[PDB]
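Residue numbers (the authors' numbering), protein chains in the order written: chain O, 2 to 88; chain R, 19 to 88; chain K, 11 to 126; chain F, 1 to 101.
Reading through the structure tokens given below for one structure.
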RNA sequence: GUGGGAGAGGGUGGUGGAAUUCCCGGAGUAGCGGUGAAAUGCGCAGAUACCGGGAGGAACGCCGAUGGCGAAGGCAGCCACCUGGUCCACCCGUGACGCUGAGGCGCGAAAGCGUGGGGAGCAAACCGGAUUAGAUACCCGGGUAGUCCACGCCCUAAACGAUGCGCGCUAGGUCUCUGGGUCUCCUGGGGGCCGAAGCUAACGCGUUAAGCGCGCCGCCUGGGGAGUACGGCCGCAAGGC
Ligand SMILES: [Mg+2]
Ligand SMILES: [Mg+2]
Ligand SMILES: [Mg+2]
Ligand SMILES: [Mg+2]
Ligand SMILES: [Mg+2]
Ligand SMILES: [Mg+2]
Ligand SMILES: [Mg+2]
Ligand SMILES: [Mg+2]
Ligand SMILES: [Mg+2]
Ligand SMILES: [Mg+2]
Ligand SMILES: [Mg+2]
Ligand SMILES: [Mg+2]
Ligand SMILES: [Mg+2]
Ligand SMILES: [Mg+2]
Ligand SMILES: [Mg+2]
Ligand SMILES: [Mg+2]
Ligand SMILES: [Mg+2]
Ligand SMILES: [Mg+2]
Ligand SMILES: [Mg+2]
Ligand SMILES: [Mg+2]
Ligand SMILES: [Mg+2]
Ligand SMILES: [Mg+2]
Ligand SMILES: [Mg+2]
Ligand SMILES: [Mg+2]
Ligand SMILES: [Mg+2]
Ligand SMILES: [Mg+2]
Ligand SMILES: [Mg+2]
Ligand SMILES: [Mg+2]
Ligand SMILES: [Mg+2]
Ligand SMILES: [Mg+2]
Ligand SMILES: [Mg+2]
Ligand SMILES: [Mg+2]
Ligand SMILES: [Mg+2]
Ligand SMILES: [Mg+2]
Ligand SMILES: [Mg+2]
Ligand SMILES: [Mg+2]
Ligand SMILES: [Mg+2]
Ligand SMILES: [Mg+2]
Ligand SMILES: [Mg+2]
Ligand SMILES: [Mg+2]
Ligand SMILES: [Mg+2]
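Put into structure tokens, the structure is as follows:
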């Protein structure tokens with residue numbers, strides 16, 4: 002799955018500063034990893050429909066945070082998207 | 019009548035391998051007793067059910083037995 | 011022509027009939043009777059009187075082969091399932107033990123419309 | 001790597017030539033799948049609750065290991081291959097939940 | 001975020017015993033079955049009942065609950081892998097990023113359809129036997145599609161809590177599941193029962209609102225005609241909106 006080892010590796014990479022656990026950049030980073038953990042789980046197991054629902058809620062939440070970042074500071078949005086290869 | 023947990027020690031509820039204690043929770047048949055006769059709690063009985071089923075597959079507890087009466 | 015003198019007796023009691031088989035301790039039968047072996051023909055077979063007479067017919071048949079000790083096995087519920095047991099203890103055959111082995115499935119086969 | 005428990009019941013009629021073979025075969029299968037064995041308990045001749053393979057008894061083994069998770073079901077497949085091997089039950093380890101404590 | 005927690009949540013593979021059917025052998029005579037009674041049916045080519053061995057498919061007894069999970073449909077052997085939702089303790093982080101939601105898209109019991117399998121039990125149609133005034137039925141014996149699996153359609157329902165979602169507020173008592181806690185109890189989050197104020201036409205609802213409010217969507221305007229006609233979109237068709 003997703004262990005706390007791999008978890009901290011992402012938080013410290015996208016932290017705006019030491020100790021930051023809840024920045025918009027960090028949330029989108031964390032959300033996007035479970036996106037890829039699930040989308041690669043759904044390439045196989047195409048008949049797993051109940052897990053398909055949780056994926057739609059993660060994308061909606063990821064785009065909800067990105068649409069917010071767009072409005073406040075558009076630069077860090079581009080620095081984030083280019084760093085995650087989205088859109 | 020007495021209840022099983024009442025007359026018993028401090029035991030591992032997740033140990034499927036201890037037949038001696040698991041034989042106490044089976045009836046005359048291989049059936050699993052209701053909570054009323056075991057004196058267990060909600061979460062306890064749910065663990066016992068699964069651990070007995072484990073012992074059944076290992077051939078340690080019987081699936082069913084024969085009643086000697088009537 | 012066997013001289014068994016000990017063995018098992020299976021009572022298969024249904025609501026339409028009660029039937030008794032007498033076997034040796036290995037399970038292989040010796041003689042047997044039922045509600046139809048005695049004169050009864052129709053619904054009269056699943057009655058406690060027929061169950062009693064069928065049990066006692068097999069018992070006397072087992073006396074020919076010399077049965078004395080008898081272990082009793084019972085399968086199914088039916089009118090006269092108990093009247094067959096009671097008939098067997100007083101049949102002269104010393105009854106060793108009585109066991110109920112009625113097979114109960116683990117919900118594996120779909121029953122007929124009657125049973126649902 | 002998570003921690004598991006292995007239960008193996010085999011035919012309780014083996015001499016030492018076949019018993020050592022069957023078990024060192026199990027050792028060989030654990031090596032090939034990366035099972036770090038933490039401890040072992042051997043019960044052996046034990047009265048079964050119902051006939052298994054027409055035999056009223058079974059020879060019991062128990063191993064506690066730590067191995068990668070993805071390889072478990074292929075390890076279970078590798079153990080039931082042996083004819084003498086009859087029962088193979090692999091359970092993820094759990095805490096000894098106490099009752100009437 | 002961190003640390004814990006419960007679960008028939010899902011998918012994949014694997015696997016265990018009970019039972020039915022069928023085959024093989026042993027043993028064993030004269031009927032079994034079935035009903036309010038019976039008859040078709042099966043049985044001397046030896047059935048039923050008993051023991052043993054084997055095959056196959058489907059469903060998981062007890063635990064099991066007025067219980068749990070899920071958005072709804074719905075989800076019960078056990079094991080493992082992948083995996084989703086959710087809840088609690090800390091008061092750590094971002095700093096209104098929120099709610100609803102016409103379209104769209106995805107899910108959607110059962111039945112039905114296509115291709116290929118599978119086929120034990122059950123069983124529309126149908127073949128029989130009875131009952132009857134008649135039996136195109138209930139009861140009985142057989143029995144195909146189908147039920148199961150894979151892949152693709154179909155989009156209906158008493159899809160029910162006949163109660164859309166989210167939030168705030170408004171006496172309690174009691175039963176319960178699961179967490180935490182200074183663990184007669186307190187404190188949360190669900191699942192039940194009584195009931196304050198109040199609402200309601202009444203039955204009844206009543207911190208899980210049908211109460212007091214607020215935001216947004218869906219929908220209603222007499223019955224039959226009629227969920228029919230026409231048109232359109234969708235569908236292989238049945239037919240659906
Ligand atoms: Mg009769
Ligand atoms: Mg084997
Ligand atoms: Mg599950
Ligand atoms: Mg599953
Ligand atoms: Mg034969
Ligand atoms: Mg005849
Ligand atoms: Mg004939
Ligand atoms: Mg004939
Ligand atoms: Mg003939
Ligand atoms: Mg076949
Ligand atoms: Mg029940
Ligand atoms: Mg719920
Ligand atoms: Mg329902
Ligand atoms: Mg989980
Ligand atoms: Mg703070
Ligand atoms: Mg702060
Ligand atoms: Mg600040
Ligand atoms: Mg929403
Ligand atoms: Mg919509
Ligand atoms: Mg559907
Ligand atoms: Mg279907
Ligand atoms: Mg089909
Ligand atoms: Mg039938
Ligand atoms: Mg029929
Ligand atoms: Mg009439
Ligand atoms: Mg007629
Ligand atoms: Mg209405
Ligand atoms: Mg409203
Ligand atoms: Mg507590
Ligand atoms: Mg509550
Ligand atoms: Mg009032
Ligand atoms: Mg009420
Ligand atoms: Mg409310
Ligand atoms: Mg109203
Ligand atoms: Mg309308
Ligand atoms: Mg009108
Ligand atoms: Mg219609
Ligand atoms: Mg028109
Ligand atoms: Mg049309
Ligand atoms: Mg067309
Ligand atoms: Mg229609």
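Ideal Cβ placement from N, Cα and C applies to all residues, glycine included.
Item to check | For residue 44(F), three-class secondary structure by DSSP | outcome: Residue 44(F): strand per DSSP, three-state reduction.
Checklist entry - Going by beta carbon distance, what residues of the same chain come within less than 7 Å of residue 63(K), once the five residues before and after it are set aside? => result When the five nearest sequence neighbours on each side are left out, the beta carbons in the same chain lying within less than 7 Å of the beta carbon of residue 63(K) are those of 48, in order along the chain.
Next on the checklist: Classify residue 41(R): buried if its beta carbon has 16 or more other beta carbons within 10 angstroms, exposed otherwise.
Outcome noted: Residue environment: residue 41(R) is assigned as exposed (fewer than 16 neighbouring CB atoms within 10 Å of its CB, all protein chains considered).
Checklist entry - So, does the CB of residue 44(R) fall closer than 7 Å to a CB anywhere in chain K? => result No, because no Cβ of chain K sits closer than 7 Å to the Cβ of residue 44(R).
Item to check | As assigned by DSSP and simplified to three states, the class of residue 1(F) | outcome: Reduced to three states, the DSSP call for residue 1(F) is coil.
Checklist entry - Listed from N- to C-terminal order along the chain, which residues in the stretch 105-122 of chain K have their beta-carbon within a distance smaller than 8 Å of any beta-carbon of chain R? => result Listed in chain order, the positions of the stretch 105-122 of chain K with a beta carbon within less than 8 Å of a beta carbon of chain R are 107, 108, 109, 110, 111, 114.
Next on the checklist: Please report whether the beta-carbon of residue 12(R) lies at a distance below 7 Å from any beta-carbon of chain K.
Outcome noted: With chain R represented from 19 up to 88, any question about residue 12(R) goes unanswered, as that position is not in the structure.
Item to check | Backbone CA spacing between residue 28(R) and residue 27(O) [nearest angstrom] | outcome: Going by the C-alpha atoms only, they are around 47 Å apart.
Item to check | Three-state secondary structure assigned by DSSP to residue 44(K) | outcome: DSSP places residue 44(K) in coil when its eight states are reduced to three.
Item to check | For residue 75(O), three-class secondary structure by DSSP | outcome: Helix.
Checklist entry - So with Cβ pairs under 7 Å, would you call residue 96(F) a contact of chain R? => result Yes - at least one Cβ of chain R is within 7 Å of the one on residue 96(F).
Checklist entry - CB of residue 80(K) to nearest heavy atom of ligand 2: below 6 Å? => result No - ligand 2 has no heavy atom lying nearer than 6 Å to the Cβ of residue 80(K).
Item to check | Between the CA atoms of residue 46(R) and residue 26(K) - distance to the nearest angstrom | outcome: C-alpha separation (whole angstroms): 30 Å.
Checklist entry - How big is the Cα-Cα spacing for residue 63(F) and residue 17(K)? => result The alpha-carbon atoms of residue 63(F) and residue 17(K) are separated by roughly 46 Å.
Checklist entry - Quick check: the stretch 105-119 of chain K against the stretch 43-56 of chain F, are there 3 or more CB pairs under 8 Å? => result Short answer: they don't touch.
Checklist entry - Quick one: is residue 85(R) near chain K, going by C-beta distance under 7 Å? => result Under the 7 Å criterion on CB atoms, residue 85(R) is classed as interfacial with respect to chain K.
Item to check | Alpha carbon of residue 58(K) to alpha carbon of residue 51(K), nearest angstrom | outcome: Distance between the alpha carbons of residue 58(K) and residue 51(K): 14 Å.
Checklist entry - Fully enclosed by the stretch 8-67 of chain O, which alpha helix (DSSP H) runs are 4 residues long or longer? => result If we require 4 residues or more, the alpha helix (DSSP H) runs fully inside the stretch 8-67 of chain O come out as 25-44.
Item to check | For residue 85(R), the three-state DSSP class (helix, strand or coil) | outcome: DSSP places residue 85(R) in the strand class (E or B) of the three-state scheme.
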